[PDB]
Every structure is written in C-alpha cells, then in structure tokens.
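What follows is a single structure, written as structure tokens, with notes after it.
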Amino acid sequence: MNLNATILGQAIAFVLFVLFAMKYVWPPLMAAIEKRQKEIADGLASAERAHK
Amino acid sequence: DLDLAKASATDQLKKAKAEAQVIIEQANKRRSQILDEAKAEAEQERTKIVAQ
C-alpha cells in the first residue's frame with residue numbers, strides 16, 4: 001500500500017535481532033544432540049575395538 | 001562389551017600362562033624320568049652280565 005519510514009525502524013530491529021541471535025542463540029543449541037550421537041558412536045567404536 | 005572383553009582377555013591370558021608352564025614342567029619331569037630309568041638300568045644290565 002503506502003510506503004513509510006517504518007521501512008527503516010524495522011531494518012534496525014532486524015539487524016539487532018540477527019546480531020543477538022547469531023552471537024548468543026545458536027552456539028549453545030545443537031551441542032546436546034551432537035553429544036548424544038558422539039557418545040553412541042564412540043561407545044560403539046570402543047566396544048568394537050575391545051571386541052577385536 | 002568392554003567388561004566381557006577385559007574379563008575374557010584376563011581369563012585367556014591366565015589360562016595359557018598356566019598351561020604352558022605345566023606342559024614345560026611335565027616335559028622336564030619326563031626327561032628326568034627317562035634319565036633316572038636309564039641310569040638304573042645301565043647298572044642293572046652290568047650286574048646281570050657279570051653273573052653271566
């Protein structure tokens with residue numbers, strides 16, 4: 001419809017959210033599931049090495 | 001699997017270490033038996049031949 005300077009304030013909000021999420025949000029997540037997979041895999045690897 | 005592997009390794013090591021020692025010791029026993037038998041029977045034969 002009608003364009004307005006709302007185009008700019010939301011451009012501030014978007015970059016702020018992106019910076020904060022990129023820094024703090026993502027790195028802590030996805031660690032736990034990877035730890036689960038690595039635990040299963042390394043337990044299997046160690047048990048099979050001892051089996052050999 | 002780790003527990004079974006360590007237990008089996010210790011069991012087989014102990015068993016082989018015992019059995020090989022037993023075999024070699026009884027081989028020494030057999031050698032000594034043969035030596036004693038020969039040593040006795042030599043003089044037994046000589047004592048027969050002199051009476052002959």
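Residue numbering restarts at 1 for every chain of the structure tokens, chains are lettered A, B, ... in their displayed order, and ligands are numbered from 1 as they appear.
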- Task: Output the contact residues of chain B with respect to chain A at a cut-off of 7 Å, based on only C-alpha atoms, as a ChimeraX atom specification.
- Result: /B:1-2,5
- Message: Among chain A, which ones does DSSP assign to alpha helix (DSSP H) (computed from the backbone)? Answer as an MDAnalysis selection string.
- Response: chainID A and resid 6:20 31:51
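Between CA of residue 6 (chain B) and CA of residue 18 (chain B) the interatomic distance comes to 18.3 Å.
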